[PDB]
Structure formats: structure tokens, C-alpha cells
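One structure below.
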Amino acid sequence: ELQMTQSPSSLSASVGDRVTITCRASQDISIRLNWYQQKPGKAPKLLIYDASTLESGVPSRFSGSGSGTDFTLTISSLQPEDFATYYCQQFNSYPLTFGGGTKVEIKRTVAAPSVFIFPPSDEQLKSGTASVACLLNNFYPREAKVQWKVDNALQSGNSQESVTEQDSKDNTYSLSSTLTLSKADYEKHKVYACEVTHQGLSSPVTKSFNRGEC
Amino acid sequence: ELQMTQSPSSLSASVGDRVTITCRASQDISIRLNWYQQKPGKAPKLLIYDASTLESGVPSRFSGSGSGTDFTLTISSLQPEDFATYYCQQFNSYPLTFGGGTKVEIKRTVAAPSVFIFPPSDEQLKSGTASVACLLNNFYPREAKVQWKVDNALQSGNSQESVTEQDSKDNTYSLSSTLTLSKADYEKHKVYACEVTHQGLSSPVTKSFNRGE
Amino acid sequence: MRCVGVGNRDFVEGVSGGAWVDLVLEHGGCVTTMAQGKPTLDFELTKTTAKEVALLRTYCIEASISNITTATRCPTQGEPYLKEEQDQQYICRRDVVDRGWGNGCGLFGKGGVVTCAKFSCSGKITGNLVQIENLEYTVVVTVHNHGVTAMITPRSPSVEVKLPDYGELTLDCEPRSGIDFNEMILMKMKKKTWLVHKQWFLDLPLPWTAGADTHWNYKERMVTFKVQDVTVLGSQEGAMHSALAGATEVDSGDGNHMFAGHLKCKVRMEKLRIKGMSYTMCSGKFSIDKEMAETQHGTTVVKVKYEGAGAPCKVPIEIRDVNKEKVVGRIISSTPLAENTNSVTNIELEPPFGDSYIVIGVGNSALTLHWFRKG
Amino acid sequence: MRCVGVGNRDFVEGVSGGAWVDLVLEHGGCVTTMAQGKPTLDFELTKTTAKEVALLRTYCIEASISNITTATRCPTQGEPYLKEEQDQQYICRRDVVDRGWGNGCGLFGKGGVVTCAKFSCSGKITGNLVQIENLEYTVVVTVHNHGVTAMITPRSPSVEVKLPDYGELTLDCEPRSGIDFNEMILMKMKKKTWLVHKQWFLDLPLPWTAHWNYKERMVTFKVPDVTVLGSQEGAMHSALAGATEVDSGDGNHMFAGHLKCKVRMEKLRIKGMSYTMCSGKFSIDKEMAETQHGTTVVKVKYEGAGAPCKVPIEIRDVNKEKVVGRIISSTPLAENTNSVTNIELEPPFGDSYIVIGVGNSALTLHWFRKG
Amino acid sequence: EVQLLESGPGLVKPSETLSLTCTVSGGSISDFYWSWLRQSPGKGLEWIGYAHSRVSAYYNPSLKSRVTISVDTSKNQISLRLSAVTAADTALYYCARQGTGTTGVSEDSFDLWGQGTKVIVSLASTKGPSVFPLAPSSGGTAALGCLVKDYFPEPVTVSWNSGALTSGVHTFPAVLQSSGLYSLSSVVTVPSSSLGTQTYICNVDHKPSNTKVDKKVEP
Amino acid sequence: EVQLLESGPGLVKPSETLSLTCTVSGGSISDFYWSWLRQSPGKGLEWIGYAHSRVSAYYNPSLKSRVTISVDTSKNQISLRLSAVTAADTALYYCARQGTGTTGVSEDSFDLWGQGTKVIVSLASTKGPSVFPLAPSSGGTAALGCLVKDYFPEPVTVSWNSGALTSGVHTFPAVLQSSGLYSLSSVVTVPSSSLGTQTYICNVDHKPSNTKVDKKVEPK
Ligand SMILES: *[C@@H]1O[C@H](CO)[C@@H](O)[C@H](O)[C@H]1NC(C)=O
Ligand SMILES: *[C@@H]1O[C@H](CO)[C@@H](O)[C@H](O)[C@H]1NC(C)=O
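Protein chains in written order, with the deposited numbering: chain D, 2 to 215; chain L, 2 to 214; chain A, 1 to 145, 158 to 226, 230 to 242, 248 to 395; chain B, 1 to 145, 158 to 222, 230 to 243, 249 to 395; chain H, 1 to 138, 143 to 223; chain C, 1 to 138, 143 to 224.
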């Protein structure tokens, strides 16, 4: 019955900035709420218990606010250690429900992706399957659109996208889309194109190749 | 193993005579002996107990004697009531054994038997068997010999003799011999004879008949 | 020859002239009677049984529960009723349980409940009234050479007993029991019967019947009602065996009947006689069939075979001194006889303390046996 | 709502400020707890079981005889010897019988005899040693609206019990038994288990095990024969008439005693304390009925849209002016639309009006209490 | 006054067990010694054995293995039971009071005797008598009779002219034939002048077969 | 230190019952409330239920009908038993200490968390990875990679030039294909002058299939 909705889904901010994470409840839960921090691969860590009380070892920058329905998580000065996913949970009524999650990412200057197209190897073609990989190396923000073209015709299915986590060095993301077609379907078409739409690029860039060339 | 033997087997005497019945034992039995009287059809009656002591109601004529092995039963004056079979029993050792028995019969004047021959009836012949009956009416003494002749040949088997007890009126006996032959054996022979040998008769009398005459 | 070998054995000698012998008979014990001019006999009380016994009470030891019916009623409503309540074969109990919304009732409060179960008895124990008047004493009389049995009841105490080849005796007895039959009950379990107290049997906590028809009074003594649930006490067979540890059993089920007490008897040997009193003395040779052995009472038993032809005759036996001159011992078996040729005769002898010679036979052909008695 | 309907029920009210309630728990009995600012709960001691019990002795109640061997000897000769005499499984007894010419011996006198029979036990009784330290008390806590079970042992007497939507309590207890366990033995037969005296069990005349010790207690030798005592199952039932049975074979096991508890209601809270007052109409799902303690139970259905909300209930006087009665069920809630709520009310002696709802749309019920 | 009554049945097939009972009327059964005795021609009086109400029964070594005698005080009767019965057991069984000294005259002397029960041992079936006339042949008196042939068991009642004719009547004892059936003859002596004028009919009555045969004798 | 260790297996076929263990080391199990939690993308952190050594277990209504959680004091472990397991149950299972007030930090707040156990629900057979090279095409830097196609289950270890090459390496997360097998790609950014002179080999290691595939990347 009781639903826990936290806004936003993802947040972009620089080191030293003041961040505001909001957790909303469908019913009154009073001062009964807990805040958690989760880094990729590692288990969640409790920061603020009883909506405002801080856990032992948690820095002074972290602060808890809210009572009843609307709740707030505030970090006065953001640090590189603070970049993780934040969750909110209730304990007024059972079952214990958790929020959607708020991923705090490093704010970076807008960068265009370096698009590369990879043709399927002769070793794969012997098996009976052909996979066309499209690389989108180093870009910001994460928001990017990839469209496949078999022979100028838009491809809806057979596409699988995978995005890497924000890099430690340049703070950029990378995307790899794979178009899986059979040996009979691959040899039936000539020009294979990969259209990339991003904020950094002026107009959508398209990297393409012809079947059995150069 | 003790055996009781009494002598005689049968005794013939007149009314008023003194009779002596002797009972002998194989071993010493002392005064332990009992005397009994038995009439035909009726149960035995005790007369003398403990070899000499008389039972209540038994007349003075009856007397008991003997000790050890040899014993005696004496009737001083014989009476018509006294004519019965006499038995002796021992009670010194078990089992209780009885004597042979002594039948006291009435002494009568020697009388010849009235011999009669009877041919087998036609009713019997229809069944397949033929019986020839030979009557020996009223005679004394009991000792009589009957011989059958099929056709002058002496018959050994198929003969059955039956003697009645001493009559109350004339004190005589009667004998009836029956010769049983099959229908085939009867029709095979002609003259059927019945030879009777008795003390009263001079020579053996023979009553005979011929088949179908 | 019955008392020979028996541990509890009593030797009773008659009056100077004879005619009568006073004796006491009990279970296990054997009595040997000796009289002048009369044969040696062996008396033993084999069994004592109660013939006519009146039934007093029949208890139930093994029971089982059948057809359980439960009648439930909600509060404010009337009490529950069942047809089994009036039936004598069913055991019923009334109680009140906490009823409400959870129990399936409109109103809260104590609701009436009744449980009825069929009582069926499989194992039953009977208890009959016992009295001194109805007691049959069986006495066995055996001659020295299995015997002759005689019945004694307080109604007919004197009984004329016939002994073949030996004449007869008049056995007059008197039953003397040290137990009060008015305070005792002859209780029977399966095949075995015990002699228990009157009050103990009547005070037993088990369901009982006044008759013996093949309705039980006080059914709750074995059936226990729970807060709905019925339980049986089980089988009280083992429970009785523990209580019957001190009680003496009459019949063992096999055939041995017995009662604790003594039977004082006065045997009239007036018409008794010795078999073969008129027999001659054996002239032939004698040989020991079985070697002479001493009994628990000092008396000696020997088996001899006759080889002569003078049979039936009297065996010539004499217990002489060390120098074999004068007779210094007596023979228990009155006038022993040799029935036939090559026949064996059993003889009980009483040799004196010390060295004694037993002469069996006549002349130089006679058998001589040496014997020594300790004490 | 567990204690509702139970005959043996005790009502315990907390301290002026609350925080703690002193109560006594026993089998069959139900306890209802009431405290200011805390929800109404139902406490009941379901089961008391002995976890770790050490075996002391095992007796034999049902036995049977097998393979009987008799060895006979004539006088002056040596005593009879059997191989079964040294074997622990066989029961042997020595005696002397009157032997002679009739018995088949050369010499007269008392001859030695020995009878050996195999002892086999079919029905055996178990007896375990009891201790106060090893006793698990199961307490069920049910809220006024199947509850929450809690284990209590003298080793761990205080237990923190969590009640979902209602917070949590600290249940501190103390086991108080009026029976000395040092003089008691937990005896088990077939399926059922009894609490008997220590000396009575040890003094039982039956063969026991720490090979059976004292086999003569059931086997009796008859000098001419072997006899068995039978089944002592019925013999025990007669002796167990006064003894209280723990396990009945159904799984229900209980010990005679009291469990004194001090429930700490410090962190306890009432579900829906922040809920608004129900504006919609109310209707009786089930008619109001009086319990064995004078309290009244009623079922009401919510017809409004303000759910989840608080049911407005007031026990007013004859003229329906001032509130003259109290509600047992602490803050009753209407979860959803057309939902039924169970409420326990305490009306005063005589005429009283129960008002369920708000305004003129509110449901009014007349009630009379005897005494 | 004391009476002894013997009960049958008087017909037992070989190998089967014979059962006879003796009832004591007008006196107590529990006081006296009761003995069973048998009589047959060729064996004479044979003592089977005695039995008492309180004292154990004793039997003759010749029958001991097969015979059993008991006293029933409740029914006032002495039961005789002889097993594995052969043709030699065919005798007239008597029940008598064996004396002691205090009871019944003297020691081992049968004072009180029973009526007697005739026991016949055979596999032979119950057959009616076939009456045949023994016609007179042509001194002054002539003889005529009736041949009562093939009948089982004994006895038979033969009378002349429905009991009117008694003088001269000679009913001979029955003889056991090879077939297992009995043969009898009854002859009467009458004058020669009476023949033709007087009619002679023999009345033969056999109760076990329930037959009454009347046969007229004529030459 | 109080530690929580999760035990597998991390592979259960649909309809079968999933069994997971949580060992409590360096602290008494009989004092604290232990709860099981699951995490998966699209569902987030989901609380399954708690269990106590003396107090009765309580579960979430979404899993209550098919979940059973018990505390074993003798073995010092908390057992999770989920029956009639479907594809939706594919999550990372955590075991955590649920707070009370006297124990932990505060009422119903998970302070101590476990390592986590990855549970995959599929009928798919264990298949080795088929490594294919992503050859570089003819600004100053060119890209080349390896296509780790058709392998089950997760994870996979991909490294360049036996751990020597680290700069520019981008190992993309695995994607579950329609066949039920996983697809992975690892691309590296290197200069155009380095091509021909420097040899590039990707070291793909898949432990569940026990296969180590080394494929050399070069332009056709
Ligand atoms: C008892 O139960 C049996 C078995 O079901 C049934 O046949 C019988 O009718 C019942 N008897 C009574 C008296 O209720
Ligand atoms: C005991 O007797 C039984 C029954 O005859 C037989 O089966 C078994 O083998 C015997 N046991 C021994 C140990 O002699």
C-alpha cells in the first residue's frame, strides 16, 4: 500500500557543491526514516537514522531533514568520496520498503563521443552468426541515442546496449551497441550504418562500412 | 492265574435225594467263597456266603462246606424249587472268578423219542433254499444222536441241532435238527432220511420221505 | 511304594492289636502306615477342590472404547442431549467449555457439552464364594509291592475304601483348615484360581456386574474423560499378578488343585488282610535285580528276582547281626511275595545302626548282603 | 483479539506514565495488557518444554520367556552346570529335588537342578532427569485488530520481541515453579509423558537398565516351570491417576507453574496514531455481544473514502451527553474501503449509548449491563 | 425295596463302543459298591469290574484296557463303557451290588442283582421272519409246526391258535445261522382225528422288525 | 569484528527451491535480529524478511507464501528458503542485522551488511565463451577489441596483454541475449603508430566453464 518515491533518479554535481536528495512517502511515517549510501560492488552503508540523527563516523557535511511525508538528504560540501547511489527506507509500517535510488555523478564539460564501427570477423561467420559492434568512446552526459541501419532501413530488434560506469580519470561514459544477425541475413545486405545522437555533436554522426571491402 | 473248576457239569436226581456239588480251586482261598442259584431267564441268587454261612430266607436243607481248595454245596432233601444251575465264586484274590456251573435236572424213567420228519414247503423252494426239519418229541435222557442222509449218504455239514429245557409236566426233552440245502441240491436227490439213536429205542429208528410223493 | 523317595515322609505305627491308625495328611507330605497282621500302605493327599461355589461379583480388567459421539451447544441455548445417555451400554459425561465467535457461536460464555462412548469388556475376572462344606479331598492309598483314589467331603467324611487282593479299609477323616472361609473369596483369572480376602475383592476399583450374563456398574473406573477425548486404563492383567504375589493359588490351570490345611484321618484296618498270607516259603535261589540303596529316613530299598519253581511264595528275608546269628532288624514291606518265576519284588528294610547282614533266601543257596548305617 | 472468549482471563493496567507492565502467565489463562499511549496486547503461555534431558533409568513392563533348558543331577554327583548361566540374556535359578529309583537315580536323596530361560523385553518405559535450567517457555503476543511467538529460558530470560507496524517490546520474565525438579523424574510411556517423584520411579519392582538388571522381578520359577508377570501397562495407569501428564501424544505439553513477566513497553507504538478521523458512514457487520467479563465486542464496516482513518467511538450516558465508558482496543483503524474492524468496549452498569461515526450519519447502539 | 434297572441298546456293530446304564431306585447310590457282570454260554459268569461314587473303579485284566465304569450321583445311574467290541462280547449284562461287610450281606458277595440286558454283536441288518409251515405226514397223534427262518435280532414270540393251543407246544431255542440270521421252530402234538376238522395257525411276533406273521398249517 | 558471509549456490533452475546460508562470525547469533534483502536493476533494494533465534520470523507479503527464514544457533547460520523460483527472483541476495534499539544502532536500521550472493535463474547450460576479434579500421588513435559472445553464467575476467595494458581499456557490462547466454565486449584505445609494431592479445577467463581463451587482434 505505502509507496516510497525519491527524486531525482540521477544527479550531476561538482566537488564542493550543495546537493539536495528528496524522498517522498504516500502516507505519514513521522520521524521514522533511514538514509543509505551504496558504491558499485560494495554493500549499502547507513548514514542517517531516525530521519535526522547521524551514524558514528559519518562526516558533518551529511544532514537529515523531513517529517511525515516529505524528506531531505543534504551534503553541504560534496567530496570525491561522496559520489555513490543514495537510498531511503521507511520503518513506520511493514513491509520495510526502499526508494528508487539517486546516483550522484561528477559534473563534467560536454564532450562528443568518438564513434567506431566494427565488422563481424570471418571466425564468427563460420559459426552462422554475425555481430556488428558500435563503440562510443569517452562522452558526457550519459544521454546518447544509437540507431542501426541494415541497408538504409532502421533496425528495431537485435540491438543490445551496454554503458560503462563514470571513468576515474576523465569522468566520461562509454557505450557499445551490438547488432546480432544470422549468416544468411548478413550476406543479403551491403552497407551497415551506426547513427549516433549526442549533445556534444552538432548533427547525428554516422559511421558505416560496405560488406567485403578494403 | 487262579482257576475255579466245579464238578460235575450236569447232575440228574429225584425229589428228596441228597445232592453233592463240588467246587475246586487251584490255590488256597480259605473260607472266602460264595454259592449262587440261577433259574433260566432269571438273575443269580446268593445262597451261601463265606463258604458255610447261609443267607436270610435260604432253607435249612442247603449247607456249605470246605476250606482252602476243595469246597462242597449240599442239599439234604431235594425239592422241585431247587432244580436250577449252581455256581461258585472266589473273593480271596482279584479278579473275581466264577465256576463252570452245575445244572441239577429231574430224574425221569427212560422214554423213547417220537420221531417226525418234515419236508421243505413250496414257499421256501421259491426263495432258493430247502430246510428239512426232524422232530424228536418227548424223551429222556438228553443224550441223543441225529444223522442225516441225502440219498443213503451220511451228511456232516448243513446240520443244526436245538434242544428245549426239561418240561414242567412230563420232565422230558425235545430235539429239532435242520438240514439246510439249496434248491439245486434238493432237486438233485430223492430219498431224505433222518436216523435217530437213543437209549429208549432198541435199534436206531429212521423216518424218511421221497421227493414229490 | 509311593512314599519311597519322598522327602516329607512320616512313619505311623498302629496299636498293639491293630484295627485302627491315627494319621495327618497334607499336600506334598506322604504317610506310611504299619500294623500287625495288616499290609503296609502309603497315604497321600493328591488334591483338594471346591465343587459347588456361588458367584458373588464379576469385574472387568480389559476394556475398549467404541462409537464416540460429541454433542455441542452455544451459550444461552439449552443443554445438549443424546440417545446414548439413556442406554446402559454407553458411558456419558456432562461439562461446560468456553464458547464464542472463534468456537462458532453468536454469544460469548460457557457452552454445554456431552460425550458418549460405548463400553465393551474383553477380559473379565470372576469371584465365587467359598465355604468349608463344599470341599472334595482326594486321598491315594498305595500298597507296598498307581493305587486307589478316595473322595472325602465334610458331608460324607467316612468312606469305605476297597483294596483288591488285600481286602478293604474304612477311611474316616476330619477336615481341619486354619483359614476362615467367611472372610475369603475364590477369585478366578483366565485358567488360574486364587484364594483372596472378601473385602479386598469387593473394594477393587474396576467396573462390576451382580450377575454373569455373557450392563457394567461404575464404568468411570476405567474410562477417563478429557477437556472431548476418551482414554481406557488398558489391561489390568499385570496389575493383579503384582497383588497376587502373596496369595496362594488353588488351580494352576494344568490340573493341580490345592488348599492350605491338614486332613486328620483314622483308618479302620479291621477288614484288611495281607495278600499271600497262606503262601509257602520260597525254596529257590534269589538274585539282586537292583543294588540296595538307603533312603532319606535311613530305610533301605532292594529289588530281588526269584529263580525257583515254588511261586507264588513268600520271600524269606532276615536282618541279622555282624556274626549273622540273631535277627536285629525289621522289614517295612509287610509279607513280600514272588508272584511268578523270574519276577522282581520291591522290599523296604529297616537295618540297625552299624554293621548288619541281610539274608535273602534259604540254606546255603541264600543271598547275603553286608550293610552299614551311620549315626 | 486472542483473549476474547477465553474464560480464565486477567486484565492488567500499566503505570500512570506507562513504559512497564507486571504480569503472571500460566497454561489455559490469557492476559490482556493496557497502557497509555501504547497498543492493547494479548499474552498467553502456549507451551513449556524440556529441551535437554539426561536419561537415568529404563524399566521393562512387558516381557516374554524363550528357550527353556533344564539340567538334572542325581544325589552324591556334582551340581548341574549350563552354558546359559554365564550369559547375561538368560535368567537362571538353582534348587534341590527329591531324587531316587522313581526319578531315575541309583541312590536316594536331594538332587541338584538348574533351570535357564531367555529374557526378552517387548514393552519398555523411559525415565529422563528434569532440570529447571533447561525449560523453554513459549509466549504468544497478539494485538487487538495469529500473533508473534517468543522463547524464554532461565539462561536467557529477557527477550526483545518485535511487533510489525506496532514497534517492539522487551519481554523480561522469571520462571517460578512450585515443584522441586531435584525430587522429580520425567517418565515417558508409549506417546504420553508424566511428571513423577524421583524415589517412586527408582523403587519400582521391574527389571531395569543403566542386559537387564534384576530379571526375577517379572520371572517366577515353580519347582516341580517359568511364569511371566505379563504387561504392566495397566498397572502404571492406576498409579499415574494422581500424576500430571506433560505430553499427551497430540503434541500439547505443559508444566504446572507460573511465569512472572515484566513487559517493557518503552519502544511500543500504536499503528495509525497519525491517522485522521473517519468522516464516512459506519455499519454493524456483526451484532454487539457481551463477554464473560462484562466487556462488549462489535464488528463495524467503513463506507467512506477517508481510509486509512481512526474509527470515532464514544460510550455516552442515557441522555447521550458525556462519555461514561472506556474502549479496551487502543486506537481502532479502518484499513481500506468496506473493511471490517474488531473493537472491545467497556460499557458502565445500566443504560449506555455507543456512538460509532460522526455527526447525524453516526450509528447509535443502546446497551444495558447487569449488576 | 432297592431295585436295579438295566438300559440298552442291545445291538452294537463290531469295532463300535457299547454303552449300558444301571439305575438305582429306592436307595442311595453314594453308599454301596456297584459292579457289572456278563453271562454267555461257553464263558459263564464273568466279572467285568466295580465302581464307587467316592472310591476309584477297578476292572478285570481281560477287559481293563477297553472297559470304563463310572458312578453318576446326580442321575442315580452306573454307566458301563466297553470299546473295540468284538463277537466274543455277545453276552447278557447284569449290574450287581458288591458287598463290603457294613453294606450288602458280606465282603465281595453280590446280594442285589439287576434284571439283565441282552447285548448282540453283529453287522447284520434287521430282517423280518419268513414263516414256513411244517405240514403233518399221513401212533394215534400227529405232529405239525412252523419254521421261523431268517430273522435278526433276538427274540421272537410264537403262539398257536392265538394263545388257545398250549398243550403239546414246543418252541425250540433260536440257532445263529452262517448268514448271521436266526432260525427257529415251534412244533405241536395233536391227535390224527383232529386233522381236517381243526384249523391250526401259528402266531409269530417279531418286535424289532414290527412284524406279525400268521401262517396256517395244513397237509 | 562481527562478519556476515553468504553461501550459494548462485544458480537455480526455474520451479526449483533456492537455499542460501548466512554465517555470523565474531559475535553471538542468539542476540540480534537477522534479515535477508535482495537487489536487482528494475526492482532495487527489496526487503524479504527477518528471523530471530527465540522470536518468530516475519516476511514481506510479496514473498511470504514461498519464503522461509530460520536461525540455526548450533551452526551459527541463518537459512533462506525460497520455493517456486521464477526469472523475476534473479537478484543479489544480502543478509543484514536489523536494529532494535538496544542492539545495532536504531529500530529497523541495517547497520551490519553481508558481502552479497549473486543468484541467476535460468535453464541454460554452462557454455564457454566464444572470443572473436574486433579488428581496427584504417584521429591519431585507433580502437580495437574482443567480442566475448555466448557464455553462461556470469562473471567473466577480461584483461589486455596479460595485465600489462590497462590505460584505455573499457570492459562493458554483460548483456543477456534472447538465447539465454551473455554477450560482452572489451575495447582499448591505442595510437595508430603502435599498430603493426605492437601485438594485442585479450586474456578472457571464465571460471564456471574452466576456460582461458587468448585471442590476438590484428587488421584483416
Ligand atoms: C458403531 O459403529 C459401527 C462402525 O461404523 C456401525 O456399523 C454401527 O452401526 C455403530 N453402532 C451404534 C450402536 O451406533
Ligand atoms: C529358541 O527357540 C525357537 C523356537 O523353536 C527357535 O526358533 C530358536 O532358534 C531358539 N534360539 C536359540 C538361541 O536356541
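Every residue gets a Cβ at the ideal spot worked out from N, C-alpha and C, and that includes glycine.
Point to revise | Where the stretch 85-116 of chain H meets chain A: residues whose CB sits under 9 Å from a CB there | key: So the list reads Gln98, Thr100, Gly101, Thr102, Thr103, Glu107, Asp108, given in the order they occur along the chain.
**Study point:** Beta-carbon proximity check, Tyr326/A vs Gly304/A, cutoff 8 Å
**Key:** Walking along the third sequence from the start, residue 326/A turns up at place 306. Walking along the third sequence from the start, residue 304/A turns up at place 284. Yes. Within cutoff.
Practice item. Just the C-alpha distance for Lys204/B and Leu45/B, rounded to the nearest angstrom, thanks. Key: Residue 204/B sits at position 192 when you count from the first residue of the fourth sequence. Residue 45/B sits at position 45 when you count from the first residue of the fourth sequence. For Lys204/B and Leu45/B, the distance between alpha carbons rounds to 21 Å.
Check your understanding: DSSP three-state call for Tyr187/L: helix, strand or coil?
Key -> If you number the second sequence from 1, residue 187/L lands on position 186. Reduced to three states, the DSSP call for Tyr187/L is helix.
Review point. DSSP puts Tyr88/D in a beta bridge; with which residues?
Key: Residue 88/D sits at position 87 when you count from the first residue of the first sequence. BP columns for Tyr88/D point to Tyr37/D.
Point to revise | Three-state secondary structure assigned by DSSP to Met289/B | key: In the fourth sequence, the residue the question calls residue 289/B occupies position 265. DSSP places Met289/B in coil when its eight states are reduced to three.
Review point. Residues of chain B with a CB under 9 Å from the CB of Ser160/D: which are they?
Key: Within the first sequence, numbered from 1, the residue matching residue 160/D stands at position 159. Using a Cβ-Cβ cut-off of 9 Å, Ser160/D is close to nothing in chain B; its nearest Cβ partner there is about 44 Å away.
Point to revise | Contact between the stretch 146-158 of chain C and the stretch 183-203 of chain C (3+ Cβ pairs under 8 Å) | key: Taking 8 Å as the limit for Cβ pairs, the verdict is that the stretch 183-203 of chain C does touch the stretch 146-158 of chain C.
Exercise for review: Can you tell me which of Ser31/L, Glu196/L, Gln161/L, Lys43/L puts its alpha carbon nearest to the alpha carbon of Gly116/H?
Suggested key: The sequence position of residue 116/H within the fifth sequence is 116, counting from 1. The residue with the shortest Cα to Cα distance from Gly116/H is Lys43/L.
Check your understanding: With contact counted as at least three CB pairs below 8 Å, one residue from each stretch, are the stretch 120-132 of chain C and the stretch 154-173 of chain C in contact?
Key -> A contact exists between the stretch 120-132 of chain C and the stretch 154-173 of chain C.
Check your understanding: Is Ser66/B near ligand 2, judged by its Cβ being under 7 Å from some heavy atom?
Key -> Mapped onto the fourth sequence, residue 66/B falls at position 66. For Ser66/B, the Cβ falls inside the 7 Å cut-off from some heavy atom of ligand 2.
Exercise for review: Could you tell me whether the Cβ of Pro96/D comes closer than 8 Å to any Cβ of chain C?
Suggested key: Counting from one through the first sequence, the residue named residue 96/D turns up at place 95. Chain C, which has a Cβ nearer than 8 Å to the Cβ of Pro96/D, makes this yes.
Check your understanding: So what does DSSP say about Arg340/A, is it helix, strand or coil?
Key -> Sequence index remark: in the third sequence, residue 340/A carries index 320 (1-based). Strand at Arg340/A.
**Study point:** Residue from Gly114/H, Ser79/H, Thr193/H, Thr86/H with nearest C-alpha to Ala135/H
**Key:** Start at 1 with the first residue of the fifth sequence, and residue 135/H comes out as number 135. Its Cα nearest to that of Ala135/H, the residue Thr193/H stands out among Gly114/H, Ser79/H, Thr193/H, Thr86/H.
**Study point:** Helix, strand or coil at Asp42/A according to DSSP, with G and I counted as helix
**Key:** As a position in the third sequence, residue 42/A is number 42, starting the count at 1. Reduced to three states, the DSSP call for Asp42/A is strand.
Practice item. Return the residues of the stretch 95-123 of chain B that lie within a Cβ-Cβ distance of less than 8 Å from chain A, sorted by chain order. Key: Taking 8 Å as the Cβ-Cβ cut-off, the stretch 95-123 of chain B approaches chain A at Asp98, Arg99, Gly100, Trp101, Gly102, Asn103, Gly106, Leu107, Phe108, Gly109, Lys110, given in chain order.
Check your understanding: Comparing alpha-carbon positions, which option in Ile32/D, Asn35/D, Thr6/D lies nearest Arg25/D?
Key -> Your numbering for residue 25/D matches position 24 in the first sequence. Of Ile32/D, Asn35/D, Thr6/D, the residue nearest in Cα terms is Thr6/D.
Check your understanding: Does the distance from the C-beta atom of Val130/B to that of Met196/B stay below 8 Å?
Key -> The residue you call residue 130/B lines up with position 130 of the fourth sequence. The residue you call residue 196/B lines up with position 184 of the fourth sequence. Contact: yes.
Check your understanding: For a contact meaning CB atoms closer than 7 Å, what does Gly101/D contact in chain C?
Key -> For the purposes of this step, residue 101/D is taken as the residue at position 100 of the first sequence. Per Cβ cutoff of 7 Å: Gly44.
Exercise for review: Give the range of the alpha helix (DSSP H) segment to which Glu124/L is assigned.
Suggested key: As a position in the second sequence, residue 124/L is number 123, starting the count at 1. Per DSSP, the continuous alpha helix (DSSP H) segment holding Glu124/L begins and ends at 123-128.
Practice item. For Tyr33/C, go through chain B and note every residue whose CB falls closer than 7 Å to its CB, in chain order. Key: To locate residue 33/C, count along the sixth sequence from 1; it is residue 33. Those within 7 Å of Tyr33/C in chain B are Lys174.
**Study point:** Residue range of the beta strand (DSSP E) that includes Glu62/A
**Key:** Stepping through the third sequence from its first residue, residue 62/A is reached at position 62. It spans 54-72 - the beta strand (DSSP E) in which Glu62/A sits, taken as one unbroken run.
Review point. Helix, strand or coil: which one does DSSP assign to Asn232/B?
Key: If you number the fourth sequence from 1, residue 232/B lands on position 213. Reduced to three states, the DSSP call for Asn232/B is strand.
Point to revise | Span separating the alpha-carbon of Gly42/H from that of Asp89/H | key: Working through the fifth sequence from its first residue, we reach residue 42/H at position 42. Working through the fifth sequence from its first residue, we reach residue 89/H at position 89. Whole-angstrom Cα-Cα distance: 12 Å.
Check your understanding: Residue range of the alpha helix (DSSP H) that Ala263/A falls in?
Key -> For the purposes of this step, residue 263/A is taken as the residue at position 243 of the third sequence. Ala263/A -> alpha helix (DSSP H) spans 257-263.
Check your understanding: Taking the DSSP output, what are the residues bridged to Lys46/L?
Key -> The residue you call residue 46/L lines up with position 45 of the second sequence. Paired residues: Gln38/L.
Review point. Cβ of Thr268/A within 8 Å of Cβ of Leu207/A?
Key: Here residue 268/A refers to the residue found at position 248 of the third sequence. Here residue 207/A refers to the residue found at position 195 of the third sequence. Yes, Cβ-Cβ distance for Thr268/A and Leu207/A is below 8 Å.
Exercise for review: Can you give me the Cβ contacts of residue 139/H inside the same chain, cut-off strictly under 7 Å, excluding the 5 residues immediately before and after it?
Suggested key: Inspection of chain H shows residue 138 followed directly by residue 143; residue 139/H is thus not represented.
Check your understanding: Closest Cβ-Cβ distance between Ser68/D and chain B: below 8 Å?
Key -> On the first sequence, residue 68/D is found 67 positions in, with the first residue counted as 1. Answer no: the Cβ-Cβ gap between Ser68/D and chain B never drops below 8 Å.
Review point. Buried or exposed: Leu214/A, going by 16 or more other Cβ atoms within 10 Å of its Cβ?
Key: The count along the third sequence starts at 1 and reaches residue 214/A at position 202. That one is exposed.
Review point. Got a sec: is the Cβ-Cβ distance from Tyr58/C to anything in chain B below 8 Å?
Key: Start at 1 with the first residue of the sixth sequence, and residue 58/C comes out as number 58. Yes, contact with chain B.
Practice item. Please list the partners that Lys153/C has in chain D, where partner means a Cβ-to-Cβ separation under 7 Å. Key: As a working mapping, residue 153/C is identified with position 149 in the sixth sequence. The contacting residues are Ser132.
Point to revise | Three-state secondary structure (DSSP) of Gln3/H | key: Taking the fifth sequence and counting its residues from 1, the one referred to as residue 3/H is at position 3. Strand, per DSSP.
Review point. Going by beta carbon distance, what residues of the same chain come within less than 7 Å of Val16/L, once the five residues before and after it are set aside?
Key: Translated into the one-based positions of the second sequence, residue 16/L becomes position 15. Cβ neighbours of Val16/L within its own chain (closer than 7 Å, five residues either side excluded): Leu79, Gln80, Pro81.
Review point. Could you give the distance in angstroms between the alpha-carbon of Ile367/A and the alpha-carbon of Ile339/A?
Key: Position 347 of the third sequence, counted from the first residue, corresponds to residue 367/A. Position 319 of the third sequence, counted from the first residue, corresponds to residue 339/A. The C-alpha of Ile367/A lies about 12 Å from the C-alpha of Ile339/A.
Check your understanding: Looking only at C-alpha atoms, which of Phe373/B, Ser353/B, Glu370/B, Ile380/B sits nearest to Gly37/B?
Key -> Counting from 1 along the fourth sequence, the entry for residue 37/B is found at position 37. Nearest to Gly37/B by alpha-carbon distance, out of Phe373/B, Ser353/B, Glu370/B, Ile380/B, is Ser353/B.
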